[PDB]
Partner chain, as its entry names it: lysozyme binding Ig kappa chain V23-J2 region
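Quick setup: one chain, the form deposited without its partner chain, written in structure tokens, and binding and motion questions come after.
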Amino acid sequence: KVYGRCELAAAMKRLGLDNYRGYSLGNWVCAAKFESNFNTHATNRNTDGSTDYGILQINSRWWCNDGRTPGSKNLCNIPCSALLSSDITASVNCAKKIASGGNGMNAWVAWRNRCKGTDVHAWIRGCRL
């Protein structure tokens, strides 16, 4: 499902992400843009058998079970296809744990990269919030 910018910004404000771990909503926005381009079914396979899933592209090798990753975790109890739906609930639940750890949003590269030191603000400026 390809999301509006503000449709996606309204959503994870309700979902609770604004100022979560003292990251303000446009960080979230900008990581989803740059991570999926707001597509929930966006998927990328890796060099490890790994596959990142959904909208903030959570990795199969640490946070989910997709069916086949030649050894690892599931730090979230989610089957990777929950990442994959309409509904961001699950992506955003899992997302919180990844950012619960030490590095915070630095787990998303693209955020690290296209988003640290920016006007993330800019991602919600014209929004129905």
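Residue numbers count along the first chain shown, from 1.
Only in words, not in the display: the form deposited with its partner chain bound, which the text now covers.
- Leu15 belongs to the set of residues with a heavy atom inside 4.5 Å of its partner chain in the bound PDB entry.
- For the chain shown alone, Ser86 is not a contact residue for its partner chain in the bound PDB entry, no non-hydrogen atom being within 4.5 angstroms.
- Its partner chain is not drawn, but in the bound PDB entry it has no heavy atom within 4.5 Å of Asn37.
- Contact between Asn93 and its partner chain in the bound PDB entry is found at the 4.5 Å heavy atom cutoff.
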